[PDB]
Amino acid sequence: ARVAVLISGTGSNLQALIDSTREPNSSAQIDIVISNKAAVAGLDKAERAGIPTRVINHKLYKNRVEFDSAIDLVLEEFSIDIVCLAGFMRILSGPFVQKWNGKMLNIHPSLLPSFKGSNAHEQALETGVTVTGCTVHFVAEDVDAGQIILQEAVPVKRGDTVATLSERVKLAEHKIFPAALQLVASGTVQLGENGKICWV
């Protein structure tokens, strides 16, 4: 399966995906890295890995649909089969999400359905949970319907901050995101016709 990774920042998840997809048994190949922010470290990791990069600036488009539509053109150009959102901090429009339904994965730093949204770690610390984690899920129009592929629990330790908690969670992200990509790319996991996860 041909995979595009969309990023917005450091790209530690991108690096984990690169490392895994280069393994001989990987059913996925990363053929393009797309960032909405220039000069982000994720672009360097891609270039070090010899992966084509494309910066698409959301701030240069008349609206989201024209911005998403720009991304979709790159995806078609590279004949992409699966889209991995790895730190992509730009909400995608309904028609784009509709087109790539069942083919777009996202990593979220919480045990969904808990702590949806942009500051999951802050929410988890404010709430006082002692167990958090991360989630790889199919991207749906409303984040409340995205089917879950893999999760991993991560302990919240006394005195944790966003810095220390996010660091611990990212170690789990770097495990379940490559595993989830491998599950989808191999056809072992798919969005069944009923809309729920289907294990083949």
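Basically, rigid core = biggest C-alpha set you can superpose within 1.5 Å across the two forms. The first residue of the sequence shown is number 1, and the count goes up from there.
Choosing between 157-165 and 32-40, the greater Cα displacement from the shown form in 9 other deposited structures of this protein, fitted by the core, goes with 157-165. Root-mean-square C-alpha deviation from the shown form, taken over all structures in 9 other deposited structures of this protein superposed by the rigid core, is larger for 6-14 than for the alternative among 183-191 and 6-14. The stretch with the higher mean CA B factor, choosing between 43-51 and 148-156, is 43-51. Just going by the entry, 138-146 versus 160-168 on mean CA temperature factor gives the higher value to 138-146. The maximum CA B-factor among the listed residues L125, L105, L111, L92, taken from the PDB record, is found at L92.
Among the modelled residues of its chain, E66 has a C-alpha B-factor that falls in the highest third, as given in the PDB entry. Per the PDB record, residue ranking by Cα B-factor puts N101 in the middle third of the chain. Sorting the modelled residues of the chain by their CA temperature factor places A120 in the lowest third. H174 sits in the lowest third of its chain by CA B factor, as recorded in the PDB entry. When all modelled residues of the chain are sorted by CA temperature factor, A1 is found within the lowest third.
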